[PDB]
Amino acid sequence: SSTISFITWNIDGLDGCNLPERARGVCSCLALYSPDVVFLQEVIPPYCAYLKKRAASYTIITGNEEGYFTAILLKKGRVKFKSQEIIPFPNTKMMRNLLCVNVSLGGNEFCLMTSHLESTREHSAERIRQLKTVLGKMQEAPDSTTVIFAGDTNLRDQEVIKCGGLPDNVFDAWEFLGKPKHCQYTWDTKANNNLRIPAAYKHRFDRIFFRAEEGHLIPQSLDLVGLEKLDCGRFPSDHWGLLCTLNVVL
């Protein structure tokens, strides 16, 4: 009743192979789960055009119009759009930024945020600086609003540790749920074959952070999506997506 739902997913728009099957896979997931909000990363303009035709029950807010970029989709008749804000990462080398959408949903106000933090091992320093910027913006939000960040952070655990960890008032949804093993890795070369990497690597790149008054926002479930291998023998993306439901109390 007062439950809200969202999916966050890096859909790998930079991979040009099997795009029509993969996009159908993404739109199938979105239509069948029909979450209130969808956070997307690594979208490209033809992918955006596809979503407008094949996911028309959502209003699409985008992080850029060129290259690859993020987007937030809002369920028509369920989410009320109030404002949009985009904040640059001045030192990015990969056009990354912070997309914020303020909405009303189920009678409550939310600041929804997504980003695709700087990629690869060698760009650890800038990734960490971007993480700090995001957390900073979460904390500067009006306390009247509930802030939810969901995105592809590209983080390694040691990177969070070395920068001091999350602030006391920002929670990681996966940690909040007791670190369940079933959705621990969202990028996994043994379970996912899209990149054709021989060695076995696995990471929790996709993460959900939230800031809210005590007891107000209670994560209920977190599951992987995009697990069905497609006709071509690959997955919709090199990432699993995350589907989260949360209860909103008063």
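Just count from 1 along the sequence shown to find any residue number. Superpose the two forms; the largest set of C-alphas matching within 1.5 Å is the rigid core.
Larger average C-alpha displacement in 7 other deposited structures of this protein, relative to the shown form after a rigid core fit, is seen for 16-24 when comparing 236-244 with 16-24. In 7 other deposited structures of this protein, superposed on the rigid core, the segment with the larger root-mean-square CA displacement between 148-156 and 161-169 is 161-169.
For the cut-off of one third of the other compared entries, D206 stays well clear, since all of them model it along with its flanks.
Mean C-alpha B-factor is higher over 141-149 than over the other stretch, the pair under comparison being 128-136 and 141-149. In this entry, the higher average B-factor at the C-alpha atoms falls on 51-59, of the pair 51-59 and 217-225. The entry lists C-alpha B-factors for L32, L40, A199, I44, and the highest of these is at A199.
When all modelled residues of the chain are sorted by CA temperature factor, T70 is found within the lowest third.
Residue-level temperature factors show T120 in the highest third of its chain, judged at the C-alpha atom. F89 sits in the highest third of its chain by CA B factor, as recorded in the PDB entry. Looking at the C-alpha B-factors along this chain, the one for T245 belongs to the lowest third. Compared with the other modelled residues of the chain, the Cα B-factor recorded for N154 ranks in the lowest third.
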